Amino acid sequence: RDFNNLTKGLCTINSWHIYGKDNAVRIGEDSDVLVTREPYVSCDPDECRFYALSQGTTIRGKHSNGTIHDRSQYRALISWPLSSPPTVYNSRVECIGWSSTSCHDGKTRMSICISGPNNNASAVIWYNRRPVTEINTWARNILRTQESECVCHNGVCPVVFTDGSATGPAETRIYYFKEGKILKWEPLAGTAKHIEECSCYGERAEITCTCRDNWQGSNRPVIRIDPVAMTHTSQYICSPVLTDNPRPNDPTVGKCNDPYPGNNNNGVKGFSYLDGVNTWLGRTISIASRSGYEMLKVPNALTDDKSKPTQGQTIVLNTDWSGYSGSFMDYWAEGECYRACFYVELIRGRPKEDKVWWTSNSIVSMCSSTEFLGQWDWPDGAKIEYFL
């Protein structure tokens, strides 16, 4: 009925409780589960759902052969009920394409899918399940966006896009949408040197995005957006607790306004919640591959170039595969504060498990507790050998 406004601050994060888990690959071993990757979670005022890019085949289907590839005509943004698997029979298609974002503004949902060949991609912006706006590639090199939910304030839903090189300077733009229409866009500003796959959350009328510097940075760039003034800035997380992957070993002092060097041309989508002493960072446990996942409480990580962990929680053991992770919150829960949440994509199959011809994932997701809860670990749980 009214546009949602970001009027609350973050709740105190003292631990993470289990929120949703779909066990998709385990169940998909013998049921009609779509192959996916690049999942996320997003809430409407009455329902929270799982989202992902389908590969337009089931995991047991012969067409799963080749699904390591990221961009094909057979991909689509799909959504499905929380903690169910993305099946053929219960998945709703939001739009067609191989890069996406989606968010509800309090009245209805905007969803964005990019499709096309590398040199001629375009974004279609859907609002209230109708296409409204289209945006053509500006740099003719894989126009691409967040792969997790956007955030809205009073109708204004900013979205970060990047078009251009994955291994050198690219052209990043912030579009400010309302009802699916472009109110304004700006080129990237501040000191972030490369931006991909922003993970965003909203509190007290401000939107914070933690992104992936694929080119040089093992610290993560951060964009902070004012959705009333429609202006932004960017920097890196200052902390020596480095949160991309792959990455070098943690130093004692990080970098605020430049990429922390050591790994070039690679990375993973990730997120953080940056809120003074209430600051938690996600990362893979391995510095080498997408294995393991932990949350670390790192007070003032954004602004303190020597901040180190004061607390932590294991999400996925380093003997289990992880993948993309990102932020969402239920902006429509009752209560005085917004409860931080996140998901981790648990990638199975290629390239690490190459006895199968497919790549897919399942999802685990947690939200914060003000309790100090006991931890478990949350692996995908499938036995690859069953698929041989």
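Throughout, we count residues from 1 along the sequence that is shown.
Chemist: Between 333-341 and 32-40, point out the one with the higher average CA B-factor as the PDB entry records it.
Modeler: Comparing 333-341 with 32-40, the higher mean C-alpha B-factor belongs to 333-341.
Chemist: Taking the recorded C-alpha temperature factors, which stretch has the higher mean, 292-300 or 256-264?
Modeler: Per the PDB entry, the higher value belongs to 256-264.
Chemist: Taking the values straight from the PDB record, which of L143, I96, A192, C103 has the highest C-alpha temperature factor?
Modeler: That would be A192.
Chemist: Out of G270, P131, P251, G155, which one has a C-alpha B factor higher than all the others in the entry?
Modeler: Of the options given, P251 has the highest CA B-factor in the PDB entry.
Chemist: Based on the entry's values, in what third of the chain does the Cα temperature factor of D163 lie: lowest, middle or highest?
Modeler: Ranked within chain, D163 CA B lands in the middle tercile.
Chemist: Place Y236 in the lowest, middle or highest third of its chain's C-alpha B-factors, as listed in the PDB entry.
Modeler: Middle third.
Chemist: Thinking about Cα B factors across the chain, which third does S54 belong to?
Modeler: It falls in the middle third of the chain.
Chemist: Hey, what third does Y324 fall into on Cα B-factor, ranked over its chain?
Modeler: Middle third - that is where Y324 ends up once the chain's C-alpha B-factors are sorted.
Chemist: Sort the modelled residues of this chain by their C-alpha B factor and say whether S84 lands in the lowest, middle or highest third.
Modeler: Middle third of the chain for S84's C-alpha B-factor.
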